[PDB]
$ cat query.txt   # compact mmCIF, N, CA and C atoms
# COMPACT_ATOMS: atom_id res chain seq x y z
N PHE A 7 307.87 148.18 147.30
CA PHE A 7 307.35 147.88 148.63
C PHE A 7 305.83 147.70 148.59
N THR A 8 305.36 146.60 149.18
CA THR A 8 303.94 146.28 149.22
C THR A 8 303.43 146.37 150.65
N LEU A 9 302.12 146.58 150.78
CA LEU A 9 301.53 146.66 152.11
C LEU A 9 301.59 145.32 152.83
N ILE A 10 301.54 144.21 152.10
CA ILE A 10 301.69 142.91 152.74
C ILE A 10 303.10 142.75 153.30
N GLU A 11 304.11 143.28 152.61
CA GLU A 11 305.48 143.24 153.12
C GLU A 11 305.58 143.97 154.45
N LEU A 12 305.01 145.17 154.53
CA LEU A 12 305.09 145.97 155.74
C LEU A 12 304.24 145.40 156.87
N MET A 13 303.08 144.82 156.54
CA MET A 13 302.25 144.22 157.58
C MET A 13 302.89 142.96 158.15
N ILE A 14 303.58 142.18 157.32
CA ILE A 14 304.33 141.04 157.84
C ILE A 14 305.44 141.52 158.77
N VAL A 15 306.11 142.62 158.40
CA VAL A 15 307.15 143.18 159.26
C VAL A 15 306.57 143.63 160.59
N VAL A 16 305.41 144.29 160.56
CA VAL A 16 304.77 144.74 161.80
C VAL A 16 304.38 143.55 162.66
N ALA A 17 303.83 142.50 162.05
CA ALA A 17 303.45 141.31 162.80
C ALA A 17 304.66 140.64 163.44
N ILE A 18 305.77 140.55 162.70
CA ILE A 18 306.97 139.92 163.25
C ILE A 18 307.59 140.80 164.33
N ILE A 19 307.45 142.12 164.20
CA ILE A 19 307.91 143.02 165.26
C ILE A 19 307.11 142.78 166.53
N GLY A 20 305.79 142.65 166.40
CA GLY A 20 304.96 142.37 167.56
C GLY A 20 305.26 141.01 168.18
N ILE A 21 305.51 140.01 167.33
CA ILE A 21 305.83 138.67 167.82
C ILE A 21 307.19 138.66 168.52
N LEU A 22 308.16 139.38 167.97
CA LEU A 22 309.49 139.44 168.56
C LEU A 22 309.47 140.20 169.88
N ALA A 23 308.50 141.08 170.07
CA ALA A 23 308.21 141.65 171.38
C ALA A 23 307.43 140.62 172.17
N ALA A 24 306.83 141.03 173.29
CA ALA A 24 306.00 140.18 174.14
C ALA A 24 306.78 139.03 174.76
N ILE A 25 308.10 139.01 174.62
CA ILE A 25 308.92 137.98 175.26
C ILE A 25 308.91 138.25 176.76
N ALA A 26 308.40 137.30 177.53
CA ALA A 26 308.27 137.49 178.97
C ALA A 26 309.64 137.64 179.62
N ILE A 27 309.76 138.63 180.49
CA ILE A 27 310.99 138.89 181.23
C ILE A 27 310.79 138.42 182.66
N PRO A 28 311.45 137.35 183.09
CA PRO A 28 311.27 136.86 184.46
C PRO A 28 311.92 137.79 185.47
N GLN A 29 311.66 137.49 186.74
CA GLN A 29 312.25 138.26 187.83
C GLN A 29 313.76 138.07 187.86
N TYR A 30 314.48 139.16 188.11
CA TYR A 30 315.94 139.11 188.16
C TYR A 30 316.55 139.79 189.38
N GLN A 31 315.78 140.58 190.13
CA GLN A 31 316.35 141.24 191.31
C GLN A 31 316.67 140.25 192.41
N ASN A 32 315.96 139.12 192.46
CA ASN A 32 316.27 138.10 193.46
C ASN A 32 317.67 137.54 193.25
N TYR A 33 318.06 137.31 191.99
CA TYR A 33 319.39 136.81 191.70
C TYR A 33 320.46 137.80 192.16
N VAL A 34 320.24 139.08 191.89
CA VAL A 34 321.20 140.11 192.29
C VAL A 34 321.30 140.20 193.80
N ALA A 35 320.16 140.14 194.49
CA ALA A 35 320.17 140.20 195.95
C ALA A 35 320.90 139.00 196.55
N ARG A 36 320.65 137.80 196.01
CA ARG A 36 321.32 136.61 196.52
C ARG A 36 322.82 136.68 196.27
N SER A 37 323.23 137.16 195.09
CA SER A 37 324.65 137.30 194.80
C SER A 37 325.30 138.33 195.71
N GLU A 38 324.59 139.43 196.00
CA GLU A 38 325.12 140.44 196.91
C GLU A 38 325.30 139.87 198.31
N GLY A 39 324.32 139.10 198.79
CA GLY A 39 324.46 138.47 200.09
C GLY A 39 325.63 137.51 200.15
N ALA A 40 325.79 136.69 199.11
CA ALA A 40 326.91 135.76 199.06
C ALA A 40 328.24 136.50 199.02
N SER A 41 328.32 137.58 198.25
CA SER A 41 329.55 138.36 198.17
C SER A 41 329.89 138.99 199.52
N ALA A 42 328.88 139.54 200.21
CA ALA A 42 329.13 140.13 201.52
C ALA A 42 329.61 139.07 202.51
N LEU A 43 328.96 137.91 202.53
CA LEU A 43 329.37 136.86 203.45
C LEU A 43 330.78 136.37 203.15
N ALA A 44 331.11 136.20 201.87
CA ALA A 44 332.47 135.81 201.50
C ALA A 44 333.48 136.90 201.80
N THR A 45 333.06 138.16 201.82
CA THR A 45 333.97 139.25 202.17
C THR A 45 334.28 139.25 203.66
N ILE A 46 333.26 139.08 204.51
CA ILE A 46 333.49 139.17 205.95
C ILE A 46 333.83 137.84 206.60
N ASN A 47 333.71 136.72 205.89
CA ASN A 47 334.06 135.43 206.47
C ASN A 47 335.53 135.31 206.85
N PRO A 48 336.50 135.67 206.00
CA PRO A 48 337.91 135.52 206.41
C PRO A 48 338.30 136.38 207.60
N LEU A 49 337.53 137.42 207.91
CA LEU A 49 337.85 138.25 209.07
C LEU A 49 337.67 137.49 210.38
N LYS A 50 336.95 136.37 210.37
CA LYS A 50 336.87 135.53 211.56
C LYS A 50 338.23 134.95 211.92
N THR A 51 339.00 134.55 210.90
CA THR A 51 340.34 134.01 211.16
C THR A 51 341.25 135.05 211.79
N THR A 52 341.19 136.29 211.30
CA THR A 52 342.06 137.34 211.84
C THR A 52 341.75 137.61 213.30
N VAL A 53 340.46 137.75 213.64
CA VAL A 53 340.08 138.06 215.01
C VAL A 53 340.45 136.92 215.94
N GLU A 54 340.14 135.69 215.54
CA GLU A 54 340.44 134.54 216.39
C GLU A 54 341.94 134.36 216.59
N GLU A 55 342.72 134.52 215.52
CA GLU A 55 344.17 134.39 215.65
C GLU A 55 344.75 135.49 216.54
N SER A 56 344.29 136.73 216.36
CA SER A 56 344.80 137.82 217.18
C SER A 56 344.44 137.62 218.65
N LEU A 57 343.22 137.15 218.93
CA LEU A 57 342.85 136.87 220.31
C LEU A 57 343.65 135.71 220.88
N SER A 58 343.98 134.72 220.05
CA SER A 58 344.78 133.59 220.52
C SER A 58 346.19 134.02 220.90
N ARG A 59 346.76 134.96 220.16
CA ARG A 59 348.12 135.44 220.43
C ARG A 59 348.17 136.49 221.53
N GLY A 60 347.03 136.87 222.09
CA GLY A 60 347.00 137.81 223.19
C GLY A 60 346.75 139.25 222.82
N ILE A 61 346.63 139.56 221.52
CA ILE A 61 346.34 140.93 221.12
C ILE A 61 344.98 141.35 221.65
N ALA A 62 344.93 142.54 222.25
CA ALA A 62 343.69 143.03 222.83
C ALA A 62 342.62 143.19 221.76
N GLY A 63 341.37 142.90 222.15
CA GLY A 63 340.27 143.01 221.20
C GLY A 63 340.08 144.42 220.68
N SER A 64 340.31 145.42 221.53
CA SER A 64 340.21 146.80 221.09
C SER A 64 341.30 147.18 220.10
N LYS A 65 342.37 146.39 220.02
CA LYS A 65 343.47 146.66 219.11
C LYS A 65 343.28 145.99 217.75
N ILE A 66 342.22 145.21 217.57
CA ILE A 66 341.93 144.57 216.29
C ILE A 66 341.03 145.52 215.50
N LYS A 67 341.62 146.21 214.53
CA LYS A 67 340.91 147.19 213.72
C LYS A 67 340.90 146.74 212.26
N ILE A 68 340.25 147.54 211.42
CA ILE A 68 340.13 147.27 210.00
C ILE A 68 340.85 148.37 209.23
N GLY A 69 341.73 147.97 208.32
CA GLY A 69 342.48 148.92 207.53
C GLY A 69 343.70 148.26 206.94
N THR A 70 344.36 149.00 206.06
CA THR A 70 345.57 148.53 205.40
C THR A 70 346.84 148.94 206.12
N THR A 71 346.73 149.58 207.28
CA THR A 71 347.90 149.94 208.06
C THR A 71 348.65 148.68 208.48
N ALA A 72 349.98 148.74 208.39
CA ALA A 72 350.82 147.60 208.73
C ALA A 72 350.62 147.19 210.19
N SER A 73 350.18 145.95 210.40
CA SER A 73 349.94 145.47 211.75
C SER A 73 351.25 145.28 212.50
N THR A 74 351.30 145.79 213.73
CA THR A 74 352.49 145.69 214.56
C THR A 74 352.36 144.48 215.49
N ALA A 75 353.29 144.35 216.44
CA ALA A 75 353.23 143.23 217.37
C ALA A 75 352.07 143.36 218.35
N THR A 76 351.57 144.58 218.56
CA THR A 76 350.47 144.81 219.49
C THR A 76 349.15 145.14 218.80
N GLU A 77 349.19 145.67 217.59
CA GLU A 77 347.99 146.02 216.84
C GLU A 77 347.87 145.14 215.61
N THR A 78 346.64 144.76 215.28
CA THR A 78 346.36 143.92 214.12
C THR A 78 345.34 144.61 213.24
N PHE B 7 267.39 178.95 96.92
CA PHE B 7 267.93 177.60 97.04
C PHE B 7 268.00 176.93 95.67
N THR B 8 269.17 176.36 95.36
CA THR B 8 269.40 175.69 94.09
C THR B 8 269.59 174.20 94.32
N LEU B 9 269.33 173.42 93.27
CA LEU B 9 269.49 171.97 93.38
C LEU B 9 270.95 171.59 93.56
N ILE B 10 271.88 172.37 93.01
CA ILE B 10 273.29 172.10 93.23
C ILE B 10 273.65 172.31 94.69
N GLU B 11 273.05 173.32 95.33
CA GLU B 11 273.28 173.55 96.76
C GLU B 11 272.87 172.34 97.58
N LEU B 12 271.68 171.81 97.30
CA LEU B 12 271.16 170.68 98.06
C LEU B 12 271.90 169.39 97.75
N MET B 13 272.32 169.20 96.50
CA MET B 13 273.08 168.00 96.16
C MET B 13 274.46 168.01 96.79
N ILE B 14 275.10 169.18 96.88
CA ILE B 14 276.36 169.27 97.60
C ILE B 14 276.16 168.94 99.07
N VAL B 15 275.06 169.40 99.66
CA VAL B 15 274.76 169.09 101.05
C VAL B 15 274.57 167.59 101.23
N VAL B 16 273.84 166.95 100.31
CA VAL B 16 273.63 165.51 100.39
C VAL B 16 274.95 164.76 100.27
N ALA B 17 275.80 165.18 99.34
CA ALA B 17 277.10 164.54 99.17
C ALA B 17 277.96 164.68 100.42
N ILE B 18 277.96 165.87 101.02
CA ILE B 18 278.77 166.08 102.23
C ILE B 18 278.18 165.31 103.41
N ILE B 19 276.85 165.15 103.43
CA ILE B 19 276.23 164.32 104.46
C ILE B 19 276.69 162.87 104.32
N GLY B 20 276.70 162.37 103.09
CA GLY B 20 277.17 161.01 102.86
C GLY B 20 278.64 160.84 103.19
N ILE B 21 279.46 161.84 102.86
CA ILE B 21 280.89 161.79 103.16
C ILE B 21 281.13 161.84 104.66
N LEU B 22 280.37 162.68 105.37
CA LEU B 22 280.52 162.80 106.82
C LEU B 22 280.06 161.54 107.53
N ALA B 23 279.18 160.77 106.90
CA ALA B 23 278.88 159.42 107.35
C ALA B 23 280.01 158.51 106.87
N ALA B 24 279.80 157.20 106.93
CA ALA B 24 280.76 156.20 106.47
C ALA B 24 282.07 156.22 107.25
N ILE B 25 282.14 156.98 108.34
CA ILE B 25 283.33 156.99 109.19
C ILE B 25 283.38 155.65 109.92
N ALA B 26 284.45 154.89 109.68
CA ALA B 26 284.55 153.56 110.26
C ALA B 26 284.64 153.64 111.78
N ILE B 27 283.87 152.79 112.45
CA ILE B 27 283.84 152.72 113.90
C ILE B 27 284.59 151.46 114.32
N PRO B 28 285.77 151.58 114.93
CA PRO B 28 286.52 150.39 115.32
C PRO B 28 285.88 149.69 116.51
N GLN B 29 286.42 148.51 116.82
CA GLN B 29 285.93 147.74 117.96
C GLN B 29 286.22 148.48 119.26
N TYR B 30 285.26 148.45 120.18
CA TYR B 30 285.41 149.12 121.46
C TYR B 30 285.05 148.26 122.66
N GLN B 31 284.38 147.11 122.48
CA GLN B 31 284.02 146.28 123.62
C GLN B 31 285.25 145.63 124.25
N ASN B 32 286.32 145.43 123.48
CA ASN B 32 287.54 144.88 124.05
C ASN B 32 288.13 145.82 125.09
N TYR B 33 288.11 147.12 124.80
CA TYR B 33 288.62 148.10 125.76
C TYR B 33 287.82 148.07 127.05
N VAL B 34 286.50 148.00 126.94
CA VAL B 34 285.64 147.96 128.12
C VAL B 34 285.88 146.69 128.92
N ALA B 35 286.01 145.55 128.24
CA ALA B 35 286.27 144.30 128.94
C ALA B 35 287.61 144.32 129.66
N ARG B 36 288.65 144.85 129.00
CA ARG B 36 289.96 144.93 129.64
C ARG B 36 289.93 145.86 130.85
N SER B 37 289.25 147.00 130.72
CA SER B 37 289.14 147.91 131.86
C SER B 37 288.36 147.28 133.00
N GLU B 38 287.31 146.52 132.69
CA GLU B 38 286.55 145.83 133.73
C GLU B 38 287.41 144.80 134.45
N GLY B 39 288.20 144.04 133.70
CA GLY B 39 289.10 143.08 134.33
C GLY B 39 290.13 143.75 135.22
N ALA B 40 290.71 144.85 134.74
CA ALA B 40 291.68 145.58 135.55
C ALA B 40 291.04 146.14 136.81
N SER B 41 289.82 146.68 136.69
CA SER B 41 289.13 147.22 137.85
C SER B 41 288.81 146.13 138.87
N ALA B 42 288.36 144.96 138.40
CA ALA B 42 288.09 143.86 139.32
C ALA B 42 289.35 143.40 140.03
N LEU B 43 290.45 143.26 139.29
CA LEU B 43 291.70 142.82 139.90
C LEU B 43 292.20 143.84 140.92
N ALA B 44 292.11 145.13 140.59
CA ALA B 44 292.50 146.17 141.54
C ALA B 44 291.56 146.23 142.74
N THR B 45 290.31 145.81 142.58
CA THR B 45 289.39 145.79 143.71
C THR B 45 289.72 144.65 144.67
N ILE B 46 290.00 143.46 144.14
CA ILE B 46 290.23 142.31 145.02
C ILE B 46 291.69 142.12 145.41
N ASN B 47 292.62 142.86 144.80
CA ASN B 47 294.03 142.72 145.17
C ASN B 47 294.32 143.13 146.61
N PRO B 48 293.85 144.28 147.12
CA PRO B 48 294.17 144.63 148.52
C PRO B 48 293.61 143.66 149.54
N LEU B 49 292.61 142.86 149.18
CA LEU B 49 292.07 141.88 150.12
C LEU B 49 293.07 140.79 150.46
N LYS B 50 294.12 140.62 149.65
CA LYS B 50 295.18 139.69 150.00
C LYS B 50 295.91 140.13 151.26
N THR B 51 296.13 141.44 151.40
CA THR B 51 296.80 141.96 152.59
C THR B 51 295.98 141.69 153.85
N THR B 52 294.66 141.90 153.77
CA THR B 52 293.81 141.69 154.93
C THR B 52 293.83 140.23 155.38
N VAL B 53 293.68 139.30 154.44
CA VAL B 53 293.65 137.88 154.79
C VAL B 53 294.98 137.44 155.37
N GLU B 54 296.08 137.83 154.72
CA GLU B 54 297.40 137.42 155.19
C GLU B 54 297.71 138.00 156.56
N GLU B 55 297.38 139.28 156.78
CA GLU B 55 297.63 139.89 158.08
C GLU B 55 296.78 139.24 159.16
N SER B 56 295.50 138.97 158.88
CA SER B 56 294.65 138.34 159.88
C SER B 56 295.13 136.94 160.21
N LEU B 57 295.57 136.18 159.21
CA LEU B 57 296.11 134.86 159.47
C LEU B 57 297.41 134.93 160.26
N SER B 58 298.23 135.96 160.00
CA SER B 58 299.48 136.12 160.74
C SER B 58 299.22 136.41 162.21
N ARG B 59 298.18 137.18 162.52
CA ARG B 59 297.87 137.53 163.90
C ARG B 59 297.08 136.45 164.62
N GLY B 60 296.75 135.35 163.95
CA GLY B 60 296.07 134.24 164.58
C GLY B 60 294.57 134.22 164.41
N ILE B 61 293.98 135.22 163.75
CA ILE B 61 292.54 135.22 163.54
C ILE B 61 292.16 134.04 162.66
N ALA B 62 291.12 133.31 163.08
CA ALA B 62 290.69 132.13 162.34
C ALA B 62 290.24 132.51 160.94
N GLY B 63 290.52 131.62 159.98
CA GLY B 63 290.15 131.88 158.60
C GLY B 63 288.65 132.02 158.42
N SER B 64 287.87 131.24 159.17
CA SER B 64 286.42 131.35 159.10
C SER B 64 285.91 132.67 159.65
N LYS B 65 286.73 133.39 160.42
CA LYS B 65 286.35 134.67 161.00
C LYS B 65 286.70 135.85 160.10
N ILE B 66 287.35 135.61 158.97
CA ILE B 66 287.69 136.67 158.02
C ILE B 66 286.54 136.76 157.03
N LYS B 67 285.70 137.77 157.19
CA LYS B 67 284.53 137.97 156.35
C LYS B 67 284.66 139.29 155.60
N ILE B 68 283.65 139.58 154.77
CA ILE B 68 283.61 140.79 153.96
C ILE B 68 282.42 141.63 154.40
N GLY B 69 282.68 142.90 154.69
CA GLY B 69 281.63 143.80 155.13
C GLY B 69 282.22 145.00 155.82
N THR B 70 281.35 145.96 156.10
CA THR B 70 281.75 147.19 156.77
C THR B 70 281.59 147.12 158.28
N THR B 71 281.19 145.97 158.82
CA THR B 71 281.09 145.81 160.26
C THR B 71 282.45 146.01 160.92
N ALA B 72 282.46 146.72 162.04
CA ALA B 72 283.70 147.01 162.75
C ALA B 72 284.39 145.73 163.18
N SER B 73 285.62 145.52 162.71
CA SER B 73 286.36 144.32 163.05
C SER B 73 286.78 144.34 164.51
N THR B 74 286.55 143.23 165.20
CA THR B 74 286.90 143.11 166.61
C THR B 74 288.27 142.43 166.73
N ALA B 75 288.65 142.08 167.96
CA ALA B 75 289.94 141.43 168.17
C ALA B 75 289.94 140.00 167.64
N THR B 76 288.77 139.39 167.48
CA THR B 76 288.67 138.02 166.99
C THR B 76 288.13 137.92 165.58
N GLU B 77 287.35 138.90 165.13
CA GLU B 77 286.77 138.91 163.79
C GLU B 77 287.37 140.05 162.98
N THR B 78 287.59 139.79 161.69
CA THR B 78 288.15 140.79 160.78
C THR B 78 287.22 140.94 159.59

$ encode --input "query.txt" --output "structure tokens"
Amino acid sequence: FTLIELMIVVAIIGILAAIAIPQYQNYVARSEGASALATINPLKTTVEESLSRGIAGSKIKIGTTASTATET
Amino acid sequence: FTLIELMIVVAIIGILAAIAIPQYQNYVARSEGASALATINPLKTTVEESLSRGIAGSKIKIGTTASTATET
């Protein structure tokens, strides 16, 4: 092992560092907003259809309970 | 003091002389060459490292002046 060998390794370590890391939280925030909008968008169909069929607005709830003829 | 005593002394003086002296300047020259090579060998590491880090070749000088970020 020579000192030139180790100094070249140190220089290449420094060069391999310093790689600029761009902003990434904006991408995550935008994806979260898109996911939320895509999650709550189909619920417009449920509310509108239930209101069209006469189901009371107070009877339109959120859950996995089996919807009856009066509750959705 | 006898003449035989002094003649034995003279003979032993002559015998103690005449000791062949081999060549010795070759050893000194070889040691000087080795010392010079060992002196200038580590300077290869300095030049190569400075060139690797981007320091200009004209800025790589010899001296005890404190090396800066641009001069070595």

$ atom_distance --input "query.txt" --atom1 "CA of residue 54 in chain B" --atom2 "atom C of residue 75 in chain B"
14.7 Å

$ interface_residues --input "query.txt" --of "chain A" --to "chain B" --cutoff "8 Å" --atoms "only N, CA and C atoms" --output "list in words"
residues 9, 10, 11, 13, 14, 17 and 18 of chain A

$ closest_residue --input "query.txt" --among "B:66, B:34, B:7, B:76" --to "residue 49 in chain B" --atoms "only C-alpha atoms"
B:66

$ atom_distance --input "query.txt" --atom1 "CA of residue 74 in chain A" --atom2 "CA of residue 61 in chain A"
10.2 Å

$ select_by_dssp --input "query.txt" --residues "chain B" --states "alpha helix (DSSP H)" --output "ChimeraX atom specification"
/B:9-22,31-46,49-58

$ atom_distance --input "query.txt" --atom1 "atom C of residue 60 in chain B" --atom2 "atom C of residue 77 in chain B"
9.4 Å
